[PDB]
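For reference, the structure is listed below as structure tokens.
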Amino acid sequence: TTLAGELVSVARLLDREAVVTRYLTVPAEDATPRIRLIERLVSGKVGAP
Amino acid sequence: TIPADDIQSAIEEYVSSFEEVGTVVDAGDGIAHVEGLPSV
């Protein structure tokens, strides 16, 4: 239930501003910069799973 | 919700965090489109 809550929160986030999703939906077989953005955008606010 | 204005911090973090190779997307009539190659 906390997973679902946090996921819909992330969904509302990625919906409210499309400019971040643009840098988040670029195609590249190694997205470790996008993974970094993940590790440095919500890591201090969300759970582990 | 959304913590404010750290979003641009993470955006530039992504930009700066990234031998460059692009990939063809479209090709027709002697004109191609290439995704990637941020430093051309």
Side-chain angles (χ1 to χ4, degrees):
Chain A
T1 191
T2 71
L3 170 57
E6 297 296 328
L7 283 178
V8 65
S9 198
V10 176
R12 197 197 301 150
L13 187 140
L14 299 184
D15 185 16
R16 184 196 300 177
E17 59 286 349
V19 305
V20 53
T21 60
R22 300 160 200 179
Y23 322 123
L24 182 75
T25 48
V26 303
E29 206 152 279
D30 288 331
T32 169
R34 295 194 288 169
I35 304 170
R36 292 302 296 119
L37 188 151
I38 295 300
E39 299 194 80
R40 308 181 61 178
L41 178 60
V42 293
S43 179
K45 304 97 189 183
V46 311
Chain B
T1 78
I2 317 188
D5 197 56
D6 283 329
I7 321 165
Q8 62 91 57
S9 177
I11 285 150
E12 267 314 312
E13 192 274 333
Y14 161 67
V15 176
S16 296
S17 46
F18 177 36
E19 74 183 40
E20 280 192 5
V21 186
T23 305
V24 183
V25 191
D26 312 331
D29 316 308
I31 284 157
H33 290 269
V34 180
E35 63 92 21
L37 304 174
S39 295
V40 292

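Lettering follows sequence order; numbering is per chain, from 1. Scope of the values below: all heavy atoms of this structure, side chains included, with no hydrogens, waters or symmetry mates.
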Q. Ignoring hydrogens and geometry, is there a side-chain-to-backbone donor-acceptor pair from A/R12 to A/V8 under 3.5 Å?
A. no

Q: Please report the shortest heavy-atom distance between A/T21 and A/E17, naming the atom on each side.
A: CG2-O, 4.0 Å

Q. If two hydrophobic side chains count as joined below 4.5 Å and joins carry through other members, does A/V42 share a cluster with A/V19?
A. yes

Q | Criterion side-chain contact (heavy atoms from CB on, under 4.5 Å) on A/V26 and B/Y14, from CA distance to verdict | A | CA-CA 11 Å; A/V26 303; B/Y14 161 67; 3.2 Å; yes

**Q.** Atom pair CD (B/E13) and CD1 (B/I11), whose distance is rounded to the nearest 0.5 Å
**A.** 11.0 Å

Q. Any sub-3.5 Å donor-acceptor pair from A/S9's side-chain atoms to A/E6's backbone N or O?
A. no

Q. Do the side chain of B/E20 and the main chain of B/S39 share a donor and acceptor less than 3.5 angstrom apart?
A. yes

Q. What's the shortest heavy-atom distance between B/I7 and A/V20, and which atoms?
A. CG2-CB, 4.3 Å

**Q.** Flag, side chain of A/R40 to backbone of B/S9, donor-acceptor distance under 3.5 Å
**A.** no

Q: Dump the intermediate steps for side-chain contact (heavy atoms from CB on, under 4.5 Å) on A/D30 and A/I35, then the final yes or no.
A: CA-CA 9 Å; A/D30 288 331; A/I35 304 170; over 6 Å; no

Q: Identify the heavy atoms of B/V24 and B/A32 that sit nearest to each other, and give their distance.
A: CG1-CB, 4.4 Å

Q.
Under the side-chain contact (heavy atoms from CB on, under 4.5 Å) test against A/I38, which residue among A/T32, A/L24, A/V46 passes?
A. A/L24

Q: Drop me the distance from B/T1's OG1 to A/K45's NZ, to the nearest 0.5 angstrom.
A: 10.5 Å

Q.
Please report the interatomic distance CG(A/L7) to CG(A/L13), rounded to the nearest 0.5 Å.
A. 12.0 Å

Q) What pair of heavy atoms forms the shortest contact from A/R34 to A/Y23, and how long is it? A) CD-O, 3.4 Å

Q | Hydrophobic cluster identity match, B/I2 and A/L14, side-chain contacts under 4.5 Å | A | yes

